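We name chains A, B, ... by the order of the sequence lines, and we start the count at 1 in each one. Worth knowing before you read on, the calculation uses all heavy atoms, side chains too, and leaves out hydrogens, waters and symmetry mates. Indexing begins at 1, ligand by ligand and atom by atom, following the structure's order.
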2 protein chains.
Amino acid sequence: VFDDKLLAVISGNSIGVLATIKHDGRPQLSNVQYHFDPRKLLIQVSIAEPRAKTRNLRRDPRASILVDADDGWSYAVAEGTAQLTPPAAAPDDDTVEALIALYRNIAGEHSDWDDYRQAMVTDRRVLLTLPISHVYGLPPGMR
Amino acid sequence: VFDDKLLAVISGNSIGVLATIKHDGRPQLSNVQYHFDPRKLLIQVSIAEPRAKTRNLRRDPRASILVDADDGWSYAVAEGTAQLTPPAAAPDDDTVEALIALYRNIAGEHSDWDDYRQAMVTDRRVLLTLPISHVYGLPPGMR
Ligand SMILES: Cc1ncc(COP(=O)(O)O)c(C=O)c1O
(Lines give C-alpha, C1' and ligand atoms only; values in the text may rest on other atoms or scores of the structure.)
Protein backbone atom coordinates (compact mmCIF):
# COMPACT_ATOMS: atom_id res chain seq x y z
CA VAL A 1 0.00 0.00 0.00
CA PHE A 2 1.01 3.65 -0.44
CA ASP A 3 2.24 3.98 3.15
CA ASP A 4 4.67 1.10 2.52
CA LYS A 5 6.29 3.21 -0.20
CA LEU A 6 6.69 6.10 2.23
CA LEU A 7 8.08 3.88 5.00
CA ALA A 8 10.56 2.35 2.54
CA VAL A 9 11.92 5.86 1.95
CA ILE A 10 12.41 6.35 5.69
CA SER A 11 13.97 2.89 6.08
CA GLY A 12 16.49 3.60 3.32
CA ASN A 13 18.11 6.68 4.85
CA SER A 14 19.75 7.89 8.07
CA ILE A 15 19.44 11.66 7.75
CA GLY A 16 16.35 13.85 7.67
CA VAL A 17 15.00 17.33 8.29
CA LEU A 18 13.38 17.59 11.71
CA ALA A 19 10.70 20.24 12.09
CA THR A 20 9.95 21.42 15.63
CA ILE A 21 7.65 24.27 16.65
CA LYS A 22 9.05 27.48 18.16
CA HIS A 23 7.55 29.43 21.04
CA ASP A 24 5.85 31.77 18.55
CA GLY A 25 4.42 28.90 16.51
CA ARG A 26 6.80 29.15 13.55
CA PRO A 27 8.58 25.94 12.44
CA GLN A 28 12.30 25.48 13.14
CA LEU A 29 14.21 23.23 10.75
CA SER A 30 17.24 21.11 11.66
CA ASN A 31 18.98 18.20 9.95
CA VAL A 32 19.39 15.12 12.12
CA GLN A 33 20.84 11.62 12.10
CA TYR A 34 18.32 8.89 12.89
CA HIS A 35 17.64 5.20 13.19
CA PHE A 36 14.36 3.75 11.97
CA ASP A 37 12.93 0.85 13.96
CA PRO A 38 10.63 -1.23 11.71
CA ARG A 39 9.43 -3.33 14.64
CA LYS A 40 7.63 -0.47 16.39
CA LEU A 41 7.68 2.01 13.49
CA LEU A 42 9.80 4.52 15.38
CA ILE A 43 12.38 7.13 14.41
CA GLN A 44 15.03 7.60 17.10
CA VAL A 45 17.45 10.50 17.34
CA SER A 46 20.02 11.76 19.83
CA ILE A 47 19.68 15.43 20.80
CA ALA A 48 21.16 17.76 23.43
CA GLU A 49 19.02 19.46 26.09
CA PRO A 50 20.48 22.95 25.56
CA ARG A 51 19.62 23.04 21.85
CA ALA A 52 16.70 25.20 20.73
CA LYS A 53 15.04 22.29 18.92
CA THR A 54 15.10 20.29 22.15
CA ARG A 55 13.63 23.17 24.13
CA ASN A 56 10.94 23.42 21.44
CA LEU A 57 10.05 19.75 21.89
CA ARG A 58 9.92 20.15 25.68
CA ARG A 59 7.18 22.77 25.31
CA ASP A 60 5.43 21.19 22.32
CA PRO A 61 6.39 17.55 21.52
CA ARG A 62 4.78 17.53 18.06
CA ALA A 63 7.41 16.72 15.45
CA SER A 64 7.83 15.93 11.76
CA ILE A 65 10.81 14.58 9.84
CA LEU A 66 11.21 14.73 6.05
CA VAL A 67 13.44 12.09 4.47
CA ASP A 68 14.71 12.03 0.86
CA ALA A 69 14.51 8.92 -1.30
CA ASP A 70 17.60 7.68 -3.13
CA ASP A 71 16.86 9.99 -6.07
CA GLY A 72 17.22 13.04 -3.84
CA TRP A 73 13.89 14.54 -4.94
CA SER A 74 11.14 12.08 -3.98
CA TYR A 75 10.46 12.09 -0.24
CA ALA A 76 8.44 10.93 2.74
CA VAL A 77 7.45 12.83 5.87
CA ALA A 78 6.77 11.19 9.23
CA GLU A 79 4.45 13.00 11.64
CA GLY A 80 4.10 12.20 15.32
CA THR A 81 4.37 13.25 18.93
CA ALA A 82 7.87 12.97 20.32
CA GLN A 83 8.72 11.09 23.50
CA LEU A 84 11.89 12.35 25.16
CA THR A 85 13.95 10.76 27.91
CA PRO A 86 15.24 13.03 30.64
CA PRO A 87 18.75 14.28 29.88
CA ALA A 88 21.63 11.97 30.77
CA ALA A 89 22.50 12.76 34.40
CA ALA A 90 24.84 9.93 35.45
CA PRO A 91 27.05 7.68 33.26
CA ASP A 92 25.06 4.60 34.27
CA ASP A 93 21.47 5.84 34.10
CA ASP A 94 18.69 4.58 31.83
CA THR A 95 19.02 7.51 29.42
CA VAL A 96 22.67 6.70 28.80
CA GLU A 97 21.84 3.02 28.28
CA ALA A 98 19.17 4.01 25.76
CA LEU A 99 21.69 6.22 23.96
CA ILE A 100 24.17 3.34 23.93
CA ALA A 101 21.56 1.20 22.19
CA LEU A 102 21.02 3.96 19.63
CA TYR A 103 24.73 4.35 18.96
CA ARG A 104 24.98 0.62 18.29
CA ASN A 105 22.09 0.89 15.82
CA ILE A 106 23.51 3.92 14.00
CA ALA A 107 27.31 3.70 14.24
CA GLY A 108 28.11 0.25 15.64
CA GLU A 109 30.19 -0.84 18.64
CA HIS A 110 31.89 2.12 20.33
CA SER A 111 35.59 1.74 21.19
CA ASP A 112 35.30 3.05 24.75
CA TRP A 113 31.78 2.97 26.19
CA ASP A 114 33.03 4.68 29.34
CA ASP A 115 34.08 7.67 27.26
CA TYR A 116 30.72 7.62 25.49
CA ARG A 117 28.83 7.46 28.79
CA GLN A 118 30.78 10.45 30.10
CA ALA A 119 30.11 12.42 26.91
CA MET A 120 26.35 11.83 27.03
CA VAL A 121 26.28 13.26 30.54
CA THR A 122 28.54 16.18 29.66
CA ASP A 123 26.34 17.16 26.72
CA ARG A 124 23.06 16.48 28.58
CA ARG A 125 22.04 14.09 25.79
CA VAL A 126 18.43 13.03 25.29
CA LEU A 127 16.94 10.18 23.29
CA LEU A 128 14.10 11.41 21.09
CA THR A 129 11.70 8.65 20.11
CA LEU A 130 9.20 9.59 17.44
CA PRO A 131 6.50 7.00 16.91
CA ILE A 132 5.15 7.46 13.39
CA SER A 133 1.45 8.27 13.64
CA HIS A 134 1.06 9.46 10.06
CA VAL A 135 3.13 9.59 6.86
CA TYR A 136 2.71 11.64 3.70
CA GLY A 137 4.77 12.78 0.75
CA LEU A 138 5.68 11.92 -2.83
CA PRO A 139 7.60 8.60 -3.00
CA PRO A 140 9.52 7.34 -6.04
CA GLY A 141 7.24 6.93 -9.02
CA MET A 142 5.15 9.93 -8.00
CA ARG A 143 7.69 12.63 -8.98
CA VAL B 1 23.13 40.84 8.69
CA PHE B 2 23.20 37.27 7.38
CA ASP B 3 26.14 34.87 7.35
CA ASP B 4 27.62 34.99 3.84
CA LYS B 5 28.65 31.36 4.29
CA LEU B 6 24.99 30.41 4.72
CA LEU B 7 23.82 32.55 1.80
CA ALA B 8 26.44 30.81 -0.34
CA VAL B 9 24.81 27.47 0.48
CA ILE B 10 21.45 28.75 -0.77
CA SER B 11 23.09 30.15 -3.90
CA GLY B 12 24.77 26.82 -4.66
CA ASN B 13 21.60 24.70 -4.70
CA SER B 14 18.16 24.83 -6.36
CA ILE B 15 16.02 22.64 -4.10
CA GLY B 16 15.16 22.65 -0.43
CA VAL B 17 12.59 21.73 2.18
CA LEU B 18 9.69 24.17 2.39
CA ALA B 19 7.86 24.45 5.69
CA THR B 20 4.49 26.19 6.05
CA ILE B 21 2.04 26.19 8.95
CA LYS B 22 -1.10 24.02 8.89
CA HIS B 23 -4.30 24.82 10.76
CA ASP B 24 -3.46 22.63 13.76
CA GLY B 25 -0.14 24.43 14.15
CA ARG B 26 2.01 21.63 12.77
CA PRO B 27 4.43 22.38 9.94
CA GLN B 28 3.73 21.00 6.46
CA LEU B 29 6.93 19.84 4.75
CA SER B 30 7.78 19.32 1.08
CA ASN B 31 10.73 19.24 -1.32
CA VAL B 32 10.58 22.17 -3.74
CA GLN B 33 12.60 23.88 -6.45
CA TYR B 34 13.50 27.50 -5.79
CA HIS B 35 15.12 30.60 -7.23
CA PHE B 36 17.36 32.75 -5.04
CA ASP B 37 17.94 36.43 -5.79
CA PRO B 38 21.26 37.18 -4.02
CA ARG B 39 20.87 40.97 -4.27
CA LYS B 40 17.24 41.42 -3.27
CA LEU B 41 17.73 38.58 -0.79
CA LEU B 42 14.55 36.69 -1.52
CA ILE B 43 13.60 33.16 -2.49
CA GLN B 44 10.83 32.22 -4.89
CA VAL B 45 8.99 28.92 -5.31
CA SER B 46 5.90 27.77 -7.19
CA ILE B 47 3.17 25.87 -5.32
CA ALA B 48 -0.37 24.76 -6.09
CA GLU B 49 -2.95 26.91 -4.28
CA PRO B 50 -3.12 25.27 -0.82
CA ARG B 51 -6.18 23.29 0.29
CA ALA B 52 -7.43 21.68 3.49
CA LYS B 53 -4.97 21.80 6.38
CA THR B 54 -2.36 23.56 4.24
CA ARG B 55 -4.66 26.45 3.28
CA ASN B 56 -3.79 28.13 6.60
CA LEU B 57 -0.80 29.53 4.68
CA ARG B 58 -3.28 32.12 3.36
CA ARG B 59 -3.81 33.61 6.84
CA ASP B 60 -0.40 32.84 8.38
CA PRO B 61 2.28 33.27 5.64
CA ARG B 62 5.27 32.57 7.88
CA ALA B 63 7.57 30.15 6.06
CA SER B 64 11.09 28.69 6.03
CA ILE B 65 13.19 26.73 3.57
CA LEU B 66 16.13 24.49 4.47
CA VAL B 67 18.88 24.04 1.89
CA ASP B 68 21.57 21.34 2.02
CA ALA B 69 25.23 22.14 1.49
CA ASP B 70 27.54 19.73 -0.38
CA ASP B 71 29.51 18.48 2.61
CA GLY B 72 28.57 16.12 5.42
CA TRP B 73 26.08 18.07 7.56
CA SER B 74 26.10 21.77 6.69
CA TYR B 75 22.84 23.52 5.83
CA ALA B 76 21.13 26.91 5.72
CA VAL B 77 17.57 27.87 6.60
CA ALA B 78 15.97 31.02 5.21
CA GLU B 79 13.06 32.34 7.28
CA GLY B 80 10.52 34.99 6.32
CA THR B 81 6.94 36.07 5.71
CA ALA B 82 5.73 34.80 2.36
CA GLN B 83 3.88 36.88 -0.21
CA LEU B 84 1.56 34.96 -2.54
CA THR B 85 0.08 35.87 -5.90
CA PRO B 86 -3.48 34.83 -6.58
CA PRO B 87 -3.66 31.34 -8.11
CA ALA B 88 -3.21 31.13 -11.89
CA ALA B 89 -6.67 31.21 -13.48
CA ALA B 90 -5.99 32.16 -17.11
CA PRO B 91 -3.10 31.04 -19.36
CA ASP B 92 -2.15 34.68 -19.82
CA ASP B 93 -2.89 36.36 -16.47
CA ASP B 94 -0.30 38.22 -14.38
CA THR B 95 0.33 35.16 -12.23
CA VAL B 96 1.27 32.93 -15.17
CA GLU B 97 3.45 35.71 -16.57
CA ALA B 98 5.27 35.81 -13.24
CA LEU B 99 5.63 32.02 -13.23
CA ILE B 100 7.13 32.14 -16.71
CA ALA B 101 9.82 34.48 -15.38
CA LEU B 102 10.37 32.12 -12.45
CA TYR B 103 10.82 29.16 -14.77
CA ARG B 104 13.35 31.15 -16.78
CA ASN B 105 15.32 32.04 -13.64
CA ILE B 106 15.32 28.44 -12.41
CA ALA B 107 15.48 26.28 -15.54
CA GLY B 108 15.84 28.71 -18.43
CA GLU B 109 13.95 28.90 -21.71
CA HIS B 110 11.01 26.48 -21.91
CA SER B 111 10.45 24.32 -25.02
CA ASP B 112 6.68 24.86 -25.12
CA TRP B 113 5.46 27.91 -23.22
CA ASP B 114 1.88 27.14 -24.26
CA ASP B 115 2.14 23.80 -22.48
CA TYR B 116 3.61 25.56 -19.44
CA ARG B 117 0.82 28.14 -19.29
CA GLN B 118 -2.00 25.59 -19.27
CA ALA B 119 -0.11 23.50 -16.72
CA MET B 120 0.06 26.47 -14.35
CA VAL B 121 -3.67 27.10 -14.67
CA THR B 122 -4.53 23.41 -14.23
CA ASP B 123 -2.48 23.27 -11.02
CA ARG B 124 -3.86 26.60 -9.75
CA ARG B 125 -0.20 27.60 -9.41
CA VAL B 126 0.84 30.37 -7.06
CA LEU B 127 4.17 32.18 -7.04
CA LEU B 128 5.41 32.35 -3.45
CA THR B 129 7.96 35.09 -2.79
CA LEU B 130 9.89 34.83 0.46
CA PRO B 131 11.81 37.95 1.50
CA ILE B 132 14.55 36.61 3.78
CA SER B 133 14.17 37.93 7.34
CA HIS B 134 16.42 35.48 9.18
CA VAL B 135 19.04 32.94 8.10
CA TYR B 136 20.38 30.23 10.39
CA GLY B 137 22.03 26.82 10.22
CA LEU B 138 25.46 25.18 10.16
CA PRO B 139 27.86 26.77 7.62
CA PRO B 140 30.34 24.60 5.67
CA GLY B 141 34.08 25.09 5.86
CA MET B 142 37.14 24.84 3.62
CA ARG B 143 36.87 21.77 1.39
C1 LIG C 1 19.38 23.67 17.56
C2 LIG C 1 20.58 22.80 17.14
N3 LIG C 1 21.70 22.65 18.03
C4 LIG C 1 22.82 21.85 17.68
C5 LIG C 1 22.86 21.17 16.42
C6 LIG C 1 24.10 20.30 16.07
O7 LIG C 1 23.85 18.92 16.25
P8 LIG C 1 24.39 18.17 17.58
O9 LIG C 1 23.75 18.80 18.92
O10 LIG C 1 23.96 16.65 17.48
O11 LIG C 1 25.99 18.28 17.67
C12 LIG C 1 21.74 21.30 15.48
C13 LIG C 1 21.80 20.55 14.08
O14 LIG C 1 20.87 20.61 13.22
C15 LIG C 1 20.59 22.13 15.84
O16 LIG C 1 19.51 22.26 14.96
Side-chain angles (χ1 to χ4, degrees), chain A residues 10 13-36 43-68 75 77-78 80 82-89 95-96 98-108 110 115-130, chain B residues 2-3 5-10 13 15-19 26-27 29 31 62-79 132-141 143:
Chain A
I10 294 172
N13 213 155
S14 59
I15 181 178
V17 173
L18 171 72
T20 54
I21 306 172
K22 297 186 185 180
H23 61 303
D24 63 12
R26 184 195 292 272
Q28 181 174 321
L29 306 181
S30 318
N31 68 337
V32 299
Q33 185 175 231
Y34 72 87
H35 172 254
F36 168 65
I43 292 177
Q44 304 167 309
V45 314
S46 173
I47 62 178
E49 194 67 30
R51 302 313 190 162
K53 62 167 176 300
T54 305
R55 282 175 290 165
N56 291 340
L57 290 170
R58 287 292 183 194
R59 181 187 69 64
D60 184 345
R62 295 179 296 171
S64 291
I65 296 180
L66 181 155
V67 179
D68 285 341
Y75 63 99
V77 181
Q83 314 193 324
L84 286 59
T85 63
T95 293
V96 173
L99 289 169
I100 285 175
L102 179 58
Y103 187 98
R104 286 179 171 172
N105 280 313
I106 296 183
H110 194 296
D115 178 59
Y116 185 70
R117 291 175 180 285
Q118 181 185 303
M120 295 303 94
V121 176
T122 294
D123 293 344
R124 301 305 183 202
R125 287 286 176 174
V126 169
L127 201 177
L128 162 52
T129 296
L130 181 60
Chain B
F2 309 130
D3 181 355
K5 297 187 295 304
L6 290 178
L7 295 182
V9 169
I10 299 173
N13 205 158
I15 68 173
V17 175
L18 172 67
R26 283 182 181 266
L29 308 182
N31 267 169
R62 291 178 294 168
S64 301
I65 175 166
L66 180 153
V67 178
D68 291 308
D70 53 45
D71 65 354
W73 292 96
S74 300
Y75 67 99
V77 182
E79 201 183 74
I132 302 175
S133 285
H134 182 209
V135 178
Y136 60 98
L138 187 64
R143 58 193 184 294

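- For atom 8 (P) of ligand 1, the nearest non-hydrogen atom of the protein is A:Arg125 NH2, 4.0 Å.
- A heavy-atom separation below 4.0 Å is not found between A:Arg55 and ligand 1.
- When heavy-atom distances to ligand 1 are checked against a 4.0 Å cut-off, B:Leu138 has no atom that comes that close, whether in backbone or side chain.
- Using a non-hydrogen distance threshold of 4.0 Å, B:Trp73 does not register as a contact of ligand 1.
- The pair B:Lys5-B:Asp3 counts as a salt bridge, with a side-chain nitrogen and a carboxylate oxygen less than 4.0 angstrom apart.
- Nearest residue to atom 7 (O) of ligand 1 from A:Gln33, A:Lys53, A:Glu49, A:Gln28 is A:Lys53 (criterion: closest heavy atom).
- Put simply, the side chain of A:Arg58 reaches to within 4.5 Å of the side chain of A:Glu49, judged on heavy atoms.
- Each of the following atoms of ligand 1 lies closer than 4.0 Å to a heavy atom of A:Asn31: 13 (C), 14 (O).
- Side chain of B:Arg26 to main chain of A:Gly80: a donor-acceptor pair is present (N/O by atom type, distance under 3.5 Å, no hydrogens or angles).
- At least one N or O atom of A:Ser30 sits closer than 3.5 Å to an N or O atom of ligand 1.
- With rounding to the nearest 0.5 angstrom, the OG atom of A:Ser14 is 6.0 Å from the CD atom of A:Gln33.
- Annotation for ligand 1: atoms under 4.0 Å from non-hydrogen atoms of A:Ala52 are 1 (C).
- The protein heavy-atom contact nearest to atom 14 (O) of ligand 1 is B:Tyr75 OH, 2.8 Å.
- Using a 4.5 Å heavy-atom cutoff, the side chains of B:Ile15 and B:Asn31 are not in contact.
- Side-chain atoms of A:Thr95 come within 3.5 Å of backbone atoms of A:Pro86 as a donor-acceptor pair (strictly under, hydrogens ignored).
- For the side-chain contact (heavy atoms from CB on, under 4.5 Å) with A:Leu29, the lone residue among A:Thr20, A:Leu66, A:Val17, A:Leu18 that qualifies is A:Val17.
- Taking atom 9 (O) of ligand 1 as the reference point, the nearest protein heavy-atom neighbour is A:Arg51 NE, 3.5 Å.
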